[PDB]
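Just so you know, the sequence shown maps onto residues -3 to 155 in the numbering used here.
Ideal Cβ positions, reconstructed from N, Cα and C, are used throughout, including at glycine.
Read through the structure below, which is laid out as C-alpha coordinates, and then see the notes.
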Amino acid sequence: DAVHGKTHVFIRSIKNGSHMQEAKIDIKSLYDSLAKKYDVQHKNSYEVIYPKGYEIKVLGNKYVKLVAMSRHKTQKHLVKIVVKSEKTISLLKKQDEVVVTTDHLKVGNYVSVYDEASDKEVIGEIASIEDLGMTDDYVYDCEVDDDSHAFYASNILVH
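Next comes the structure, spelled out in C-alpha coordinates:
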(Lines of atoms letter the chains of each structure in order from A and count residues from 1; the text may use other names and numbers.)
(Lines give C-alpha, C1' and ligand atoms only; values in the text may rest on other atoms or scores of the structure.)
Protein backbone atom coordinates (compact mmCIF):
# COMPACT_ATOMS: atom_id res chain seq x y z
CA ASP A 1 0.00 0.00 0.00
CA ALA A 2 1.35 3.29 -1.33
CA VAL A 3 -0.30 6.00 -3.43
CA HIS A 4 0.50 7.56 -6.77
CA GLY A 5 2.28 10.94 -6.79
CA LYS A 6 -0.70 12.73 -8.28
CA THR A 7 -2.85 11.76 -5.34
CA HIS A 8 -4.37 14.86 -3.73
CA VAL A 9 -4.18 15.50 0.03
CA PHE A 10 -5.46 18.29 2.30
CA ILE A 11 -2.49 19.64 4.23
CA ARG A 12 -2.11 22.22 7.00
CA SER A 13 1.21 23.67 8.00
CA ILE A 14 1.89 25.77 11.13
CA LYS A 15 4.64 28.30 11.71
CA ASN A 16 5.75 30.39 14.68
CA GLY A 17 3.11 28.93 16.94
CA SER A 18 0.41 31.22 15.58
CA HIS A 19 0.19 31.12 11.73
CA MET A 20 -1.35 28.32 9.75
CA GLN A 21 -2.01 27.69 6.06
CA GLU A 22 -4.13 24.99 4.47
CA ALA A 23 -4.25 23.76 0.87
CA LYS A 24 -5.05 20.79 -1.33
CA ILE A 25 -1.77 19.58 -2.83
CA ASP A 26 -0.51 16.55 -4.75
CA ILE A 27 1.53 14.15 -2.63
CA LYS A 28 4.60 14.30 -4.91
CA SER A 29 4.48 18.10 -4.64
CA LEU A 30 4.19 17.83 -0.86
CA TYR A 31 7.18 15.46 -0.88
CA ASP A 32 9.37 17.66 -3.10
CA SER A 33 8.55 20.72 -0.97
CA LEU A 34 9.31 19.01 2.34
CA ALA A 35 12.50 17.68 0.71
CA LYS A 36 13.87 21.23 0.66
CA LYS A 37 12.59 22.03 4.16
CA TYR A 38 13.59 18.83 6.00
CA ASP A 39 15.87 16.02 4.82
CA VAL A 40 15.55 12.35 4.00
CA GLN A 41 16.29 9.33 6.14
CA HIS A 42 17.13 6.15 4.23
CA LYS A 43 16.27 2.47 4.63
CA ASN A 44 16.67 -0.46 2.19
CA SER A 45 14.88 1.55 -0.51
CA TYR A 46 12.77 4.17 1.32
CA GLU A 47 13.50 7.88 1.45
CA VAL A 48 11.69 9.19 4.54
CA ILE A 49 10.93 12.71 5.80
CA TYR A 50 9.88 13.51 9.37
CA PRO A 51 8.29 16.95 9.01
CA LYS A 52 7.25 19.18 11.89
CA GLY A 53 4.22 21.39 12.08
CA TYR A 54 2.41 19.60 9.23
CA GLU A 55 -1.06 18.04 9.46
CA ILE A 56 -3.29 16.10 7.09
CA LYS A 57 -7.04 15.54 6.86
CA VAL A 58 -8.15 12.06 8.01
CA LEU A 59 -11.26 10.12 9.11
CA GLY A 60 -13.59 12.38 11.03
CA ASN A 61 -12.95 15.36 8.74
CA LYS A 62 -10.22 16.54 11.15
CA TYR A 63 -6.52 17.41 10.75
CA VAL A 64 -3.93 15.39 12.70
CA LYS A 65 -0.13 15.49 12.64
CA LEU A 66 1.62 14.17 9.54
CA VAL A 67 4.34 12.26 11.36
CA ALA A 68 6.37 10.92 8.44
CA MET A 69 6.23 10.66 4.66
CA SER A 70 8.22 8.49 2.33
CA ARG A 71 8.71 7.47 -1.27
CA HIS A 72 10.13 4.33 -2.85
CA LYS A 73 10.18 2.41 -6.13
CA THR A 74 7.85 -0.56 -6.25
CA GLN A 75 7.47 -3.86 -8.02
CA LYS A 76 3.71 -3.82 -7.40
CA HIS A 77 1.05 -2.94 -9.93
CA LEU A 78 -0.70 0.37 -9.78
CA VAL A 79 -4.43 -0.10 -9.19
CA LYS A 80 -6.98 2.58 -9.98
CA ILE A 81 -9.95 2.67 -7.60
CA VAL A 82 -13.08 4.62 -8.60
CA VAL A 83 -15.53 5.48 -5.86
CA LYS A 84 -19.07 6.80 -6.39
CA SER A 85 -21.19 8.95 -4.09
CA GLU A 86 -24.36 10.96 -4.52
CA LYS A 87 -26.48 13.55 -2.75
CA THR A 88 -29.91 15.04 -3.34
CA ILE A 89 -29.83 18.75 -4.23
CA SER A 90 -32.33 16.39 -8.14
CA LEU A 91 -29.69 13.71 -7.69
CA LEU A 92 -26.08 14.88 -7.89
CA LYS A 93 -23.83 11.91 -8.65
CA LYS A 94 -20.13 12.17 -7.93
CA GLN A 95 -17.10 9.97 -8.39
CA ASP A 96 -13.50 10.16 -7.14
CA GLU A 97 -10.52 8.07 -8.21
CA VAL A 98 -7.25 7.18 -6.50
CA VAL A 99 -4.30 5.14 -7.79
CA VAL A 100 -2.59 2.97 -5.18
CA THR A 101 -0.27 0.06 -5.14
CA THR A 102 -1.31 -3.05 -3.32
CA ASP A 103 -0.56 -6.76 -3.24
CA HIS A 104 -3.84 -7.22 -1.36
CA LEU A 105 -10.91 -4.04 -0.84
CA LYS A 106 -13.51 -4.99 -3.49
CA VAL A 107 -15.97 -3.62 -6.01
CA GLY A 108 -19.20 -3.17 -4.09
CA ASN A 109 -17.62 -2.28 -0.78
CA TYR A 110 -18.50 0.99 0.91
CA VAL A 111 -15.74 3.42 1.89
CA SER A 112 -15.72 6.85 3.46
CA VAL A 113 -15.50 9.80 1.05
CA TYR A 114 -14.83 13.47 1.66
CA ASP A 115 -17.43 15.68 -0.09
CA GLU A 116 -15.33 18.84 -0.39
CA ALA A 117 -18.13 21.14 -1.61
CA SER A 118 -20.20 20.44 1.47
CA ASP A 119 -17.26 19.80 3.79
CA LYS A 120 -18.65 16.54 5.15
CA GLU A 121 -17.92 12.85 5.00
CA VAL A 122 -20.29 10.63 3.03
CA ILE A 123 -20.49 6.93 2.20
CA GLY A 124 -19.11 6.00 -1.20
CA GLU A 125 -19.23 2.67 -3.07
CA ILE A 126 -16.23 1.23 -4.87
CA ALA A 127 -17.49 1.21 -8.47
CA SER A 128 -14.45 -0.11 -10.31
CA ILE A 129 -10.90 -1.39 -9.75
CA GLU A 130 -8.44 -1.49 -12.62
CA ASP A 131 -4.96 -2.97 -12.81
CA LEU A 132 -2.76 -0.31 -14.47
CA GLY A 133 0.37 -2.50 -14.50
CA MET A 134 3.84 -1.93 -13.06
CA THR A 135 5.49 1.47 -12.81
CA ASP A 136 9.00 2.98 -12.70
CA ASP A 137 7.82 6.02 -10.74
CA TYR A 138 8.11 6.62 -7.01
CA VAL A 139 5.07 5.84 -4.89
CA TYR A 140 4.33 7.53 -1.58
CA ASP A 141 3.26 6.73 1.97
CA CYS A 142 2.06 8.81 4.95
CA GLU A 143 2.08 8.07 8.68
CA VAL A 144 -0.79 9.94 10.39
CA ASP A 145 -1.43 10.60 14.08
CA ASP A 146 -4.78 8.87 14.29
CA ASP A 147 -5.82 5.41 15.30
CA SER A 148 -7.69 5.05 12.03
CA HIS A 149 -4.20 5.04 10.40
CA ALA A 150 -5.92 6.40 7.34
CA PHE A 151 -6.08 9.66 5.42
CA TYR A 152 -8.11 11.12 2.56
CA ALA A 153 -6.36 10.42 -0.75
CA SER A 154 -8.08 12.30 -3.56
CA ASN A 155 -11.20 12.38 -1.28
CA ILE A 156 -11.14 8.60 -0.68
CA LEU A 157 -10.14 7.26 2.74
CA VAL A 158 -7.08 5.00 2.33
CA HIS A 159 -4.86 3.19 4.77
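Supposed contact pair residue j and residue i - C-beta distance, whole angstroms, cut 8 Å
| i | j | result |
| --- | --- | --- |
| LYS89 | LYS80 | 7 Å |
| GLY104 | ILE122 | 6 Å |
| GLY1 | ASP22 | 7 Å |
| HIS4 | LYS24 | The pair is not a contact, with the Cβ atoms about 11 Å apart (cut-off 8 Å). |
| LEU55 | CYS138 | Not quite, the Cβ-Cβ distance comes to about 13 Å (not below 8 Å), so this is no contact. |
| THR97 | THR70 | 5 Å |
DSSP bridge partner residues for residue i (one or two, in chain order)
| i | result |
| --- | --- |
| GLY129 | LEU74 |
| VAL5 | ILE21 |
| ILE85 | Partner(s): none; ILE85 has no beta bridge. |
| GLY120 | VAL107 |
| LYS11 | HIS15 |
| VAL54 | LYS58 |
| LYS80 | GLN91 and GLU121 |
| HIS38 | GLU43 |
Neighbour-count burial assignment, residue i, 16 or more Cβ in a 10 Å radius
| i | result |
| --- | --- |
| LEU30 | buried |
| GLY129 | exposed |
| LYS53 | buried |
| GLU51 | buried |
| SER66 | buried |
| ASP92 | buried |
| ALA113 | exposed |
| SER124 | exposed |
| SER150 | buried |
| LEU74 | buried |
| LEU87 | exposed |
Residue span of the beta strand (DSSP E) that contains residue i, given as start and end
| i | result |
| --- | --- |
| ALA64 | 58 to 68 |
| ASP137 | 135 to 140 |
| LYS89 | 87 to 97 |
| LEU153 | 152 to 154 |
| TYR46 | Premise fails: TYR46 is in no beta strand (DSSP E) and is neither H nor E. |
| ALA149 | 147 to 149 |
Quiz item: Looking at C-beta atoms only, is the number of pairs between the segment 41 to 50 and the segment 109 to 118 that lie closer than 8 Å three or more?
Solution: no
Self-check item: Cβ contact (3+ pairs, closer than 8 Å) linking the segment 113 to 122 and the segment 9 to 19
Solution: no
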